[PDB]
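Visitor: fold the following.
(chains A and B)
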Amino acid sequence: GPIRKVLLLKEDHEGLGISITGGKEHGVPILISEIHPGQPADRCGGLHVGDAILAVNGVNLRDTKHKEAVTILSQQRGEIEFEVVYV
Amino acid sequence: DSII
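Guide: Numbering: from 1, shown residues only, chains lettered A, B, ... in the order given. Find the structure here:
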């Protein structure tokens, strides 16, 4: 599928509402494995299990290890652009 | 998986 850019809106007290797997040390993209019901990723309607996260907020995640991707993702606030692809 |  095509690259999509999806805007997620989260309030400061909530999480992103995703679980992720993969990353550079696994030789596969950062991948959404869960979408948590009622949380920001669920609510925006444009993020899905199976999506690769290529970038978040202009931060390239194509070549980032899992832990660093988790950290960057967890630092995001407010209106957040996800660059994703389901290949 | 990590939860975020």
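
Visitor: how about residue A:4, what does it touch?
Guide: For residue A:4, the contacting residues are A:46, A:83-85, by C-beta atoms under 8 Å, 6 or more residues apart in numbering or on different chains. C-beta coordinates here come from the backbone N, C-alpha and C atoms, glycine included.

Visitor: list the beta-bridge partners for it.
Guide: Note on residue A:4: beta-bridge partners residue A:84, judged by DSSP bridges.

Visitor: cool, residue A:55 as well?
Guide: Residues in beta-bridge contact with residue A:55 (DSSP bridges): residue A:60, residue A:83.

Visitor: okay, now residue A:44: neighbour count?
Guide: 18 (other C-beta atoms under 10 Å in any protein chain shown).

Visitor: so which strand or helix has residue A:47?
Guide: Under DSSP states H and E, no helix or strand contains residue A:47.

Visitor: which residue packs closest to it, ignoring adjacent ones?
Guide: Nearest non-adjacent residue to residue A:47, counting by C-beta to C-beta, 6 or more residues apart in numbering or on different chains: residue A:41, 4.4 Å away.

Visitor: residues near the residue in chain A positioned nearest to chain B, how many?
Guide: Nearest to chain B, among the residues of chain A, is residue A:19, at 3.9 Å (C-beta to the nearest C-beta). Neighbour count of residue A:19, defined by other C-beta under 10 Å: 17.

Visitor: who does it bridge with?
Guide: residue A:34, residue B:3.

Visitor: if we can go back for a sec, neighbour count for the contacts of residue A:4 - can I get that in a markdown table?
Guide: Formatted as a markdown table, these follow (neighbours: other C-beta atoms under 10 Å in any protein chain shown):
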| residue | neighbour count |
| --- | --- |
| A:46 | 14 |
| A:83 | 19 |
| A:84 | 25 |
| A:85 | 14 |
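
Visitor: show me what counts as buried in the longest helix seen in chain A.
Guide: As assigned by DSSP state H, the longest helix anywhere in chain A is helix A:66-75. Buried residues in helix A:66-75, counted by 16 or more other C-beta atoms under 10 Å in any protein chain shown: A:66, A:69-70, A:72-73.
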